[PDB]
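Both ligands and their constituent atoms are indexed starting at 1 by order of listing. Residues take their numbers from the sequence shown, with the count starting at 1.
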Amino acid sequence: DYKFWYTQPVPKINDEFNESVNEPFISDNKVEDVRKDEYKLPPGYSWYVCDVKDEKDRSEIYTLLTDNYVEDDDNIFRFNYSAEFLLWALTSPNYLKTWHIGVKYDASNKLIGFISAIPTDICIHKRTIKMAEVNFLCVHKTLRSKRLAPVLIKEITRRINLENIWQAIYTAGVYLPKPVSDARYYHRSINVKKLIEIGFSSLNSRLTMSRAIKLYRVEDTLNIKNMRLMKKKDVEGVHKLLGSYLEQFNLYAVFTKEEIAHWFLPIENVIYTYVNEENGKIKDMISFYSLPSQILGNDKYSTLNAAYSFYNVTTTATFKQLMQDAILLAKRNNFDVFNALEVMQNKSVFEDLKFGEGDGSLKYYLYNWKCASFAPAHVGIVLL
Ligand SMILES: C#CCCCCCCCCCCCC(=O)SCCNC(=O)CCNC(=O)[C@H](O)C(C)(C)COP(=O)(O)OP(=O)(O)OC[C@H]1O[C@@H](n2cnc3c(N)ncnc32)[C@H](O)[C@@H]1OP(=O)(O)O
Ligand SMILES: [Cl-]
Ligand SMILES: [Cl-]
Ligand SMILES: [Mg+2]
């Protein structure tokens, strides 16, 4: 029935727009007319502005998400974004502290809800629009189905609109009105025995343990020999190589040089970017971020260490060769599995590089924007 969503400027479930339509649902917005009062919470609850740069505030967000954030459809894994990852994800160029919004239960002073956004220029069907990218919506497990999520969404919408920003981008596994694109995850096992043991992968009479280990074995030699960790000197180069690649897609972030430094410069256990420099030019790049899952009630392993593909571009090798190198670099950094969405060129390598299809998919959404939807190979943005 979507009783909340059908109040909002998003498409109905059966809306179909053709390529001649690429504009807002609601235009001519004025900051002057945005509500200046905070949305009302149920009695006993209060808004709290989180300071993500403060270690203690950040640890409170970390705890809320560790305990209550997204699980796989089978409730076997729960994402466990690290505190240093959250610091990176939320303090991008020009971020607003006041879009990092928490809800405390007053009687215990405990954070029980959170939602966040950061600002970025998004190009959709060649039109570039300032958007908020919304993420980390989370309601404590003990307070589910009480309609707190619409309150957090309406309050962040209000605060984003105060900055004269009227569109947003967000992804989710749940189906909501209405995806602009839909992309499955695929996974490439690295630490095969651990993935078996925790119930992530399986074996059969044809695929014995030893045969599975051999199937997923990787040669410890790079196809692109000079791939090395990115440094500050490489920011102009990555800005040109990635910037030029992305222009072909129907949906992508238009990164400034400051944004390139922020999103790609390596941070241990958070973001890994490797470059190939030839003649003072950056000609290939690989990048992947760290997102572990807590393995729910497992005796042996508490954590699945997963690398998620971010942005990969080659001009000196094949895409296959580049992605075989990304799996190698993730292996050299202790990751158990390399995951990727069927966006950009990724699906073209999945068969040959022995990826498995994951369950369900990730839906891409715009708020207050009507346009044609498209196949996920035309998506050129990866959100965290
Ligand atoms: C400018 C501008 C606009 C700015 C705003 C743009 C819109 C942004 C939307 C939010 C985007 C979120 C992106 C993500 O971060 S992804 C990960 C979501 N994090 C989890 O998966 C963690 C585990 N899970 C939870 O923590 C809770 O289940 C949630 C997700 C907070 C939902 O809370 P609960 O207690 O279930 O549900 P209640 O409070 O009764 O709310 C029901 C209404 O809510 C809608 N809803 C549910 N999940 C949603 C969701 N994931 N995103 C958006 N809406 C969602 C839903 O359909 C329904 O509304 P209807 O009646 O159907 O029209
Ligand atoms: Cl009022
Ligand atoms: Cl090597
Ligand atoms: Mg609720």
Side-chain angles (χ1 to χ4, degrees), residues 1-13 24-27 29 31 34-42 44-45 61 63-73 75 77-81 86 89-90 96 98-103 105 111-120 122 124 129-180 291 293-294 296 360-369 381 383-384:
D1 290 332
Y2 300 116
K3 297 291 171 137
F4 169 57
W5 278 109
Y6 276 6
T7 68
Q8 301 298 115
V10 302
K12 315 312 209 215
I13 279 311
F25 281 102
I26 300 168
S27 281
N29 298 297
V31 166
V34 174
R35 301 185 70 94
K36 302 300 177 294
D37 53 323
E38 301 169 337
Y39 278 90
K40 201 170 99 90
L41 290 152
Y45 300 90
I61 298 168
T63 294
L64 173 73
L65 298 180
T66 301
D67 300 342
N68 303 279
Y69 199 51
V70 178
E71 297 172 9
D72 66 292
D73 301 326
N75 319 102
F77 299 105
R78 186 174 321 116
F79 280 151
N80 180 202
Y81 284 89
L86 296 169
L90 295 179
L96 285 90
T98 58
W99 292 6
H100 298 157
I101 302 179
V103 172
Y105 176 54
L111 186 72
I112 58 86
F114 185 72
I115 187 165
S116 69
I118 57 154
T120 187
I122 293 298
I124 172 61
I129 306 294
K130 183 70 84 196
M131 298 199 186
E133 178 177 318
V134 176
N135 205 8
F136 298 118
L137 168 66
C138 186
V139 169
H140 200 276
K141 289 173 174 275
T142 64
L143 301 165
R144 292 288 170 78
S145 309
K146 292 169 73 76
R147 320 293 293 185
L148 276 171
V151 185
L152 286 157
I153 297 166
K154 295 185 287 190
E155 178 62 18
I156 208 178
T157 301
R158 187 189 72 77
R159 289 189 194 205
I160 292 161
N161 293 165
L162 289 173
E163 307 308 313
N164 200 25
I165 287 169
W166 306 100
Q167 272 75 41
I169 180 163
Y170 50 109
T171 54
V174 293
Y175 184 85
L176 309 162
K178 183 176 176 180
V180 301
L291 173 42
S293 288
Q294 176 178 355
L296 304 175
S361 62
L362 180 74
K363 276 76 151 188
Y364 283 77
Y365 300 97
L366 299 174
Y367 184 91
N368 194 20
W369 193 266
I381 189 176
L383 308 192
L384 307 180

Restricting to heavy atoms, the pick from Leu137, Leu143, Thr171 nearest atom 16 (S) of ligand 1 would be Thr171
Closest heavy-atom pair, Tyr367 versus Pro9, reported as atoms and distance to 0.1 Å, is OH-CD, 3.3 Å
With the side chain counted from C-beta on, respond yes when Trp5 and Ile153 share a heavy-atom pair under 4.5 Å apart, and no when they do not.
yes
Numbered in order shown, the ligand 1 atoms found under 4.0 Å of a heavy atom of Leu148 are 39 (O)
So does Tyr6 get a backbone contact from the side chain of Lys12, meaning a donor-acceptor N/O pair under 3.5 Å?
yes
Evaluate the side-chain proximity of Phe136 to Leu86: yes if any heavy-atom separation is below 4.5 Å, no if none is. yes
Short version for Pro150: what comes under 4.0 Å of ligand 1, heavy atoms counted, is side chain
| Side-chain touch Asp67/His140, heavy atoms, less than 4.5 angstrom | no
Min over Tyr365, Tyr170, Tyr175 of heavy-atom distance to atom 7 (C) of ligand 1 lands on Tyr170
query: Is the closest protein non-hydrogen atom to atom 42 (C) of ligand 1 under 4.0 Å?
result: yes
Heavy atoms of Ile124 and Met131 approach each other most closely as CG2-CE, 4.1 Å
Atom 52 (N) of ligand 1 has as its nearest protein heavy atom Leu176 CD1, 3.6 Å
Atoms of ligand 1 under 4.0 Å from any heavy atom of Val174, numbered from 1 in the order shown, are 51 (N)
Honestly, for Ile160 the part within reach of ligand 1 (heavy atoms, under 4.0 Å) is side chain
Can you check whether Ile122 reaches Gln167 side chain to side chain, under 4.5 Å on heavy atoms? no
Would you say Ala132 touches ligand 1, if touching means a heavy atom closer than 4.0 Å? no
Within 4.0 Å of some non-hydrogen atom of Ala168, the atoms of ligand 1 are 2 (C), 3 (C), 4 (C), 6 (C)
Quick look: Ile115 vs ligand 1, heavy-atom contacts under 4.0 Å, and the answer is neither
Atom 2 (C) of ligand 1 sits nearest the protein heavy atom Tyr367 CD2, 3.6 Å
(message) For a 4.5 angstrom cut-off between non-hydrogen side-chain atoms, does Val134 reach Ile160?
(response) yes
message = Below 4.0 angstrom, counting only protein heavy atoms, does anything approach atom 22 (C) of ligand 1?
response = yes
So the atoms of ligand 1 within less than 4.0 Å of a heavy atom of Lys3 turn out to be 61 (O), 63 (O)
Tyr364 side chain to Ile381 main-chain N or O, any donor-acceptor pair under 3.5 Å? yes
I'd like to know if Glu38 and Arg159 make a salt bridge, using a cut-off of under 4.0 Å between side-chain N and carboxylate O. yes
The answer for which part of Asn161 has a heavy atom under 4.0 Å from ligand 1 is side chain
Logged contact type for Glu71 with ligand 1, heavy-atom cut-off 4.0 Å, is neither
Minimal heavy-atom distance between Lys363 and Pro179, with the atoms involved, is CG-CG, 3.6 Å
_So for ligand 1, is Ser145 a polar contact partner (N or O within less than 3.5 Å, distance only)?_
yes
Distance-only polar pair, side chains of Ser116 and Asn135, donor-acceptor under 3.5 Å:
no
Of all protein heavy atoms, the one nearest atom 39 (O) of ligand 1 is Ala149 N, 2.8 Å
Closest heavy-atom approach to atom 56 (C) of ligand 1 among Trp166, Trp5, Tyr6 is made by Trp5
Note: ligand 1 atoms sitting under 4.0 Å from heavy atoms of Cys138 are 26 (O)
Filtering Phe136, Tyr69, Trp99 for the heavy atom nearest atom 17 (C) of ligand 1 leaves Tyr69
